[PDB]
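Q:
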Amino acid sequence: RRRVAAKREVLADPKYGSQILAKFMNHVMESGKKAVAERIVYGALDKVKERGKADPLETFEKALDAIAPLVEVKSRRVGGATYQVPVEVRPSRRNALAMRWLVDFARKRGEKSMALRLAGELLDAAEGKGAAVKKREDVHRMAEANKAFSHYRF
Amino acid sequence: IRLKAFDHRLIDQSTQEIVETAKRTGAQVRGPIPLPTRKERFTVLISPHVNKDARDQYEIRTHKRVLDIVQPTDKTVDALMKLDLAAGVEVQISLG
Amino acid sequence: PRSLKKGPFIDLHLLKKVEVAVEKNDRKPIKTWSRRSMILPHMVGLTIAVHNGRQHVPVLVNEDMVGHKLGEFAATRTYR
Amino acid sequence: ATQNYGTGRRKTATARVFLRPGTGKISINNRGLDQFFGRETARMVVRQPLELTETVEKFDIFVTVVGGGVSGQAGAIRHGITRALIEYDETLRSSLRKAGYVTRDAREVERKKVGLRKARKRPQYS
Amino acid sequence: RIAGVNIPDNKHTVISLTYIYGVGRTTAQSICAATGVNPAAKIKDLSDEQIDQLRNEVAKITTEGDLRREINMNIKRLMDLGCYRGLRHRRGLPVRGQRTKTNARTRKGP
Amino acid sequence: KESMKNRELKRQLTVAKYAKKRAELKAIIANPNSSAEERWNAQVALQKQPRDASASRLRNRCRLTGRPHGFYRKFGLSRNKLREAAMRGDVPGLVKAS
RNA sequence: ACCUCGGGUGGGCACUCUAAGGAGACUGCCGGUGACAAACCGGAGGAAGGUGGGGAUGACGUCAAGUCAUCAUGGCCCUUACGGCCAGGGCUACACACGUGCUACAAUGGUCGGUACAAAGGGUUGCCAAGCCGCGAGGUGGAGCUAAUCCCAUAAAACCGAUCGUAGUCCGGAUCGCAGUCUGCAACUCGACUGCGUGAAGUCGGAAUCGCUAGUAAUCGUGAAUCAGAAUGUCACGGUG
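Chains as they are written, first to last, in the UniProt record's numbering: chain U, 3 to 156; chain Z, 8 to 103; chain W, 2 to 81; chain V, 3 to 128; chain D, 3 to 112; chain X, 3 to 100.
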C-alpha cells in the first residue's frame, strides 16, 4: 500500500453563500439526482427560518456539534483475542460522521412531506433530544468500558 | 470530384497527382476538402469451441476526399484517369 | 393472428378430399397429416384422423369447434 | 477592434463566446441567461470568472454554444470566457491561474470493455 | 346497491368508479366525459340527481355478479371440448405458452 | 457435411427459378382495391407451388466452410474462417484498432 | 447587404467543425534531501508534471485443461445403410434444486398539462417522408435518396404548473377473458406487439456473499450486429453525477 490518495475539492453554493452546506448536500444526493436533493435541503432550510427567527445556518452549525462525537472504538484484533480500542477521532473525520448519522435517521422518521423529516432532525440537535444525539452519546459510553484497552494490547 | 479508398497513404497522395496535373494545364482547381470517415467495428469470437470472454475486434476504414475545379476547360485529366487510379482508389466525377 | 384481410385458411388437397367426400357421405374417417388448417361450417360433423406425430387419432367434429384449428385436439406429449 | 473571440470545451460541448464593450448585455443563443438555464446553480457559475475579475458591468457578452449536456454547456462558457478575458493582457493571468479556471477539464467518459458490463463493473461469480 | 356495489367517499370520481368491477380506468374516463360529471370534485360534493346517468352506464357494460358467471362459461367451454387450451386449464398449468420447467409459480403456489 | 451443402444448393435454384409469379400473386393480395374473387383463386396458385420457393426456407450458410451459425453478410465467411483469412493480409482495408 | 426574417439568399474563409501534416513534457528548471549516485520530497512556469488518462501488446512454461461437432489428419468400424430423400413431432415437457439478469416493494415518489439540451451508427434488392384514414399497434400514399444533402429520428432523466396524503395504495404489475393488426405457404403444440377487462405475490428481504478508488460507482436513454418475423442477453455511444 504505497500512499497515493490526493485531495479533490467541492465548494459551491451560490444561492446561499455557504461551504459546509454544499458538502452536506452531497450526502443527500442519490444516483446523481442533484437538483432534486438541492430543493429538499433548501426545503428543510426555510422551515427552520419559518420555525426559528435565527439564521438557519447557525441552527445547522449547532446541530452538527451535538451529533459529532469525540472518541470511538476500533476493533484491532491481536491475532488470538478480539479486542476493541477507544481511539481519538481525527478532526477532519468528525464532520462527516454527524452528517451521515443525520440523514440515515431522517429516512426512518416516518412522517409525510419528506423535507419535514429532515426539518425535525435539525431542530432536536440544538437541544439534545434527537435520535442522532442519543446515538452519539451511547457510543461515548462504549469507550469507558473499553478504556482498559486504551494502550495495553492496543 | 470525389474519391474513395482504404488508406490515407494512397488517397491523400493521389490528390497531388491530380491537383498538380490539372492546375498545370491552366484551369483553376481549389484545395481538396476532407469528409467524415466511415468506421465499422467487427467484434468476432476467437475460440473454436466455446470460451466466450476471449474476443477480438477489428475496424475497417474508408477515407473520402473531394476536389473542386473552378473553370472546366481541360479534358487532360479525362485521359489521365488510368494514371491517377493506382490500386484501390475510386473516382466519381463531379466537375463543378 | 391471421388478420381479417386474409380471412380463411384451409388446405387445397384437404378441400377436394372433403367437399367431394360430402357428396358421398360419412362412411369413413379422413386420414390427414395436415394440422395447419381450421375447421369450417362446410365440415360440421365429420371424422378426421389427425396425425399425432406417430399415429392418427379420430376426431368427432361438433358445431362449436369452428374457430379452433385441428392442432388443439391431437396430443403431442404424454406426461403420465 | 474590440471584439474578442473566446472558445471553450468541457464534456463534448463547444461555446463560441464573443466579448466587446457594453452594458451588461448577456445573451445566449438569442435567449436571456435566466431563461436559458432553467432552475440551476450554474446560472451564477457563468458569472464566477466575470465577477472575480471585476468586469461584470463593463461588457457585452454574446454566446453561442452547441452540443454537450445541460450542465456541460455551462462549464464550456466558464472555460470559454476565461480565454476571452486573457486576450487583453496577463494582469488577470495570475488572478485566474491561482483561481483554477484556465485549465480545461480533461475528464472524459470511458469505453465499455469486453467481459465487463460497465466501464469497470463486472458480473458476480461465486 | 349504491351503484351495484358500495362506492368509497372523500375521493375523486374516476378513482371512485374503479371499484365497480367491470370498468377499469380508461373506461371511467369516458363515463365522466359522456355524462358530464367533473372528476375533480369529490363524490361527497356531487348531487343526488345525475347518479342515475352514472347508473345508466352501469346498465350498459357488465356487472361483476354476472361478469364472473359468464367468464366461467368461457373457461367451461374450453374444458368440456377437450381442446389444448382447456386441457391444461383443467390441470393448473400456464395457458398462453409460458415456460413450465421453472418459474411458473403463480399458477402452482408455494 | 457434404451431402448437406448439396441439398441447400438446389434450394437457391428453386427460389431464383420461379421468383416472379410469387411477386404477382403477392401483388394481387396486397391491394385493398382488389376483389376477393381475384384473391381467392390467387391463393390457389401459391399453395400448389412447391414450398421451397420462399426466402424463409433459404438459409445463408458460409460459402467456404458451410457452418450455419456465425455468418456475416458484409463478407461471405464464417466466424472462424474470417480470422484466419484476415491475419494473412487478404481482406483489404481490415486492421485492428481501438 | 438581402429577406418572406428560415444562412432563407447573395456573400465571406473570421470561425466552429472535419482530417492531413506538425510542435509540446524531457525530472527540463528552482530549492532541500542521498555516497551528492542513482533517485526522493517540495517549487515555478505550463493546456497538460513526474510511466497525463485509456487501448492493443501477455516471456520459458504449467494443467495428457478444452475441441475429431468449425476445419485438417493417423487408425478403427458402417457401405441394401451407422449412408441418401419427404412429410408431421421434437429440442420451448415439469412436484422439484442451483446459477446469473430484470423489474418492483413507493411521497429524493405517482399521474396530467406544457417545455430544454446529446453522441454514435445504419439505409438503391433498401430507408420508406408530407398528406391521409385508425381508441392504438397501423393502413394508404409515394416523395427524397446512393449520401456531412434524403430518411431512420421524437433522446430520456432535469426543469414548470396541477392533483395524489404514505393506504396493499391513483403502489405494483404476474396471471387470465375478450377483441385486433404485422411478417410468413403456414402463428395449434410454438412468435411479437395493440385495445379492453380482471388484478396476485410483494411493506427493503436469514446464515452467508460479491463488484468498485473518479467522469468511477449509481441512475436515464440511444444505436448496431445476427435477422421474413422475434432481446430483460452481447457489443457499442452519450446525459446527470
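Note that the Cβ used here is the ideal one computed from N, Cα and C, for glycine as well.
1) Does DSSP put V:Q126 in a helix, a strand or coil?
2) In chain order, what residues of the same chain have a beta carbon less than 7 Å from the beta carbon of Z:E47, not counting five sequence neighbours either side?
3) Could you tell me the distance, in whole angstroms, from the CA atom of V:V72 to the CA atom of Z:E27?
4) DSSP state of X:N33, grouped into three classes?
5) Nearest to W:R3 by CA position, among W:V51, W:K70 and W:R81, is which residue?
6) When DSSP labels each residue in this structure, what does V:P23 get in the three-state scheme?
7) Count Cβ pairs between the region 134-150 of chain U and the region 45-65 of chain Z that sit closer than 8 Å; are there 3 or more?
8) Is the separation between the beta-carbon of U:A70 and that of U:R96 shorter than 8 Å?
9) In the DSSP assignment, find the unbroken alpha helix (DSSP H) run with U:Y18 in it and report its ends.
10) Tell me whether D:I22 sits in a helix, a strand or coil according to DSSP, three-state version.
11) Of the residues X:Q14, X:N8, X:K7 and X:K3, which one's Cα is nearest the Cα of X:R59?
12) Taking only runs that begin and end inside the region 33-61 of chain V, name each unbroken alpha helix (DSSP H) of 4 or more residues, in chain order.
13) Does DSSP put Z:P41 in a helix, a strand or coil?
14) Note down the Cα distance separating U:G112 from D:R70, rounded to an integer number of angstroms.
15) Would a check of beta-carbon distances place X:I30 closer than 8 Å to chain W?
16) Report yes if the CB atom of U:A121 is closer than 8 Å to the CB atom of U:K49, and no otherwise.
17) Can you tell me where the alpha helix (DSSP H) holding W:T33 begins and where it ends?
18) Are Z:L42 and Z:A93 touching if we call contact CB-CB under 8 Å?
19) Does any residue of chain V bring its CB to less than 8 Å from the CB of U:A37?
20) Out of D:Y86, D:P41 and D:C85, point me to the one whose CA is closest to D:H14's CA.
21) Go ahead and pull the three-state DSSP assignment for V:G69.
22) What does X:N35 touch in chain Z if you count any residue whose Cβ is under 9 Å from its own?
23) So for U:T84, helix, strand or coil by DSSP?
24) Along chain X, in chain order, which residues have C-beta atoms closer than 9 Å to that of W:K7?
25) For the region 48-62 of chain V against the region 21-30 of chain V, are there 3 or more C-beta pairs whose distance is under 8 Å?
26) I'd like to know if the region 36-56 of chain V and the region 80-96 of chain V are in contact, where contact means that at least 3 CB-CB pairs between them fall below 8 Å.
27) Rounded to whole angstroms, what is the Cα-Cα separation between U:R53 and U:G45?
28) Could you check what DSSP says for Z:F49 in three-state terms: helix, strand or coil?
29) Tell me the rounded alpha-carbon separation between X:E26 and X:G95.
30) Assuming V:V67 and V:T16 are in contact, meaning their beta carbons sit under 8 Å apart, how far apart are those beta carbons, in whole angstroms?
31) Would you mind reading off the limits of the beta strand (DSSP E) that contains W:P59?
32) What first and last residue would you give for the alpha helix (DSSP H) that runs through Z:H70?
33) To the nearest angstrom, how far is it from the Cα of W:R37 to the Cα of D:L95?
34) Can you list, in chain order, the residues of its chain whose CB lies under 8 Å from that of D:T102, leaving out five sequence neighbours each side?
A: Taking the definition as stated:
1) coil
2) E66 and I67
3) 48 Å
4) coil
5) W:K70
6) strand
7) no
8) Contact flag set, yes.
9) No alpha helix (DSSP H) holds U:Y18; DSSP gives it neither H nor E.
10) helix
11) X:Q14
12) 35-38, 44-47 and 50-54
13) strand
14) 41 Å
15) Taking Cβ atoms only, chain W never reaches closer than 8 Å to X:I30, which makes this a no.
16) yes
17) Careful: W:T33 lies outside any alpha helix (DSSP H), inside the beta strand (DSSP E) at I31 to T33.
18) no
19) yes
20) D:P41
21) strand
22) None at all; the shortest Cβ gap to chain Z is about 42 Å.
23) coil
24) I31, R41 and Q45
25) yes
26) yes
27) Between the alpha carbons of U:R53 and U:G45 lies a gap of roughly 13 Å.
28) strand
29) 42 Å
30) 7 Å
31) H57 to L61
32) From DSSP, Z:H70 is part of no alpha helix (DSSP H) but of the beta strand (DSSP E) over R62 to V73.
33) 24 Å
34) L95 and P96
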